[PDB]
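Take the sequence shown: its letters are residues 108 to 250, 253 to 289, 302 to 329, 336 to 349, numbered as in the deposited numbering.
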Amino acid sequence: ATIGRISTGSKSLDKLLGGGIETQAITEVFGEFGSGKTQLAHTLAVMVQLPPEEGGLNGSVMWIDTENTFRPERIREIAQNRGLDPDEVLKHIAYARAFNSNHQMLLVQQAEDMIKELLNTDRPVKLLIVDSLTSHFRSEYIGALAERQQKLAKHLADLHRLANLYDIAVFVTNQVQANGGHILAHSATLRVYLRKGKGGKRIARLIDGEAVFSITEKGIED
Ligand SMILES: Oc1cc2ccccc2cc1O
């Protein structure tokens with residue numbers, strides 16, 4: 108398949124990304140608590156449902172939530188201010204809460220079943236969100254870094270296999286603050314560092336210029 112792109116909702120961020128996040132890729136956004144990673148996830152879950160002329164892929168979404176941070180009412184607001192019907196947008200987001208890291212890993216295998224079901228339809232899965240990818244692994248493997258890296262490596266390999274095999278954009282969030302971080306090392310296809318700037322602006326930089340945007344009723348925008 109050709110590489111598809113999903114607009115982030117921000118012209119600035121899209122330019123930094125060469126058009127948007129890519130299918131057949133894992134995009135990892137990392138930054139401190141409150142930097143806007145989950146807002147970017149919510150916005151992408153709407154943007155992907157637009158036609159290509161508007162930066163989407165007419166796609167369905169699967170969302171794995173590890174922190175109970177998915178907000179349907181926020182999806183509705185973004186959809187309504189992106190010219191879409193909010194009920195339709197929500198009906199094309201499959202949502203699951205991961206209870207722990209082992210359940211999170213099983214959910215990725217379950218996602219493949221729905222990906223296959225929708226593959227030949229007019230609304231194939233085009234976006235798989237894992238928010239937060241690392242939170243359960245970090246809390247469960249305190250004092253056991255070697256084992257944590259083994260399990261994370263398999264989880265990321267599963268996510269890669271889905272991105273490439275089914276032409277999906279995988280978007281993952283990772284909280285990294287004071288003294289923290303192996304990030305995801307070199308595992309993602311693309312690492313985006315997100316931070317707060319003056320006056321509520323958010324600033325994005327590729328790790329391995337900078338885009339600037341705001342969080343608004345449209346999700347994010349310049
Ligand atoms: O209905 C489902 C929703 C999911 C969401 C994310 C990951 C896996 C899922 C599996 C489902 O059957």
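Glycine included, C-beta positions come from ideal geometry on N, C-alpha and C.
Report the three-state DSSP secondary structure of residue i (helix, strand or coil).
i, result
"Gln284", "strand"
"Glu129", "strand"
"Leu265", "helix"
"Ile222", "helix"
"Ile185", "helix"
"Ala306", "coil"
"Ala253", "coil"
"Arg323", "strand"
"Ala278", "strand"
"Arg230", "coil"
"residue 361", "An answer regarding residue 361 cannot be provided, because it is not within the stretch 108 to 349 covered by the chain."
"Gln217", "helix"
"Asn207", "coil"
"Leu123", "helix"
"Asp192", "coil"
"residue 333", "Between 329 and 336, the chain has no modelled residues, which means residue 333 does not appear in the coordinates."
"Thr241", "coil"
"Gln258", "helix"
"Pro158", "coil"
"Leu164", "coil"
Under the DSSP definition of a beta bridge, which residues are partnered with residue i?
i, result
"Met169", "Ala201, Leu235"
"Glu348", "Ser341"
"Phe137", "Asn283, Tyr314"
"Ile328", "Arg312"
"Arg178", "According to DSSP, which records beta bridges pairwise, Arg178 is partnered with nothing at all."
"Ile113", "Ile128"
By Cβ distance below 8 Å, which residues in the same chain neighbour residue i in space, the five residues on each side in sequence not counted?
i, result
"residue 67", "Outside the shown range of the chain, which is 108 to 349, sits residue 67, and nothing can be said about it."
"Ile342", "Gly143, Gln146, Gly321, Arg323"
"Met221", "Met169, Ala201, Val232"
"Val285", "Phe137, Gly138, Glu139, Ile304"
Report all residues from its chain with a CB closer than 7 Å to the CB of residue i; omit the five preceding and five following residues, and keep chain order.
i, result
"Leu240", "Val281, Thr282, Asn283"
"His269", "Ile133"
"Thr150", "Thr115, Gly116, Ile185, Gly346, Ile347"
"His243", "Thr173, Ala205, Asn207, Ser208, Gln211"
"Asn288", "none"
"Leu226", "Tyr275"
Which residues in the same chain as residue i place their Cβ atom closer than 6 Å to its Cβ, once the five residues preceding and following it in sequence are excluded?
i, result
"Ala203", "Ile171, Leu214"
"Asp349", "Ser117, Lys118, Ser119, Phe340"
"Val279", "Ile133, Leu235, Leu268, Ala272"
"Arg183", "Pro193"
"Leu265", "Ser308"
"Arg257", "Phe244, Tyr248"
Does at least one heavy atom of ligand 3 sit under 7 Å from the Cβ of residue i?
i, result
"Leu315", "The model on display carries ligand 1 but not ligand 3."
Do the segment 213-220 and the segment 179-188 make contact, defined as three or more Cβ pairs closer than 8 Å? no
Using 8 Å as the threshold, is the segment 302-311 in touch with the segment 113-132, meaning 3 or more CB pairs across them? yes
At least three beta-carbon pairs within less than 8 Å, the segment 167-183 to the segment 229-249: yes
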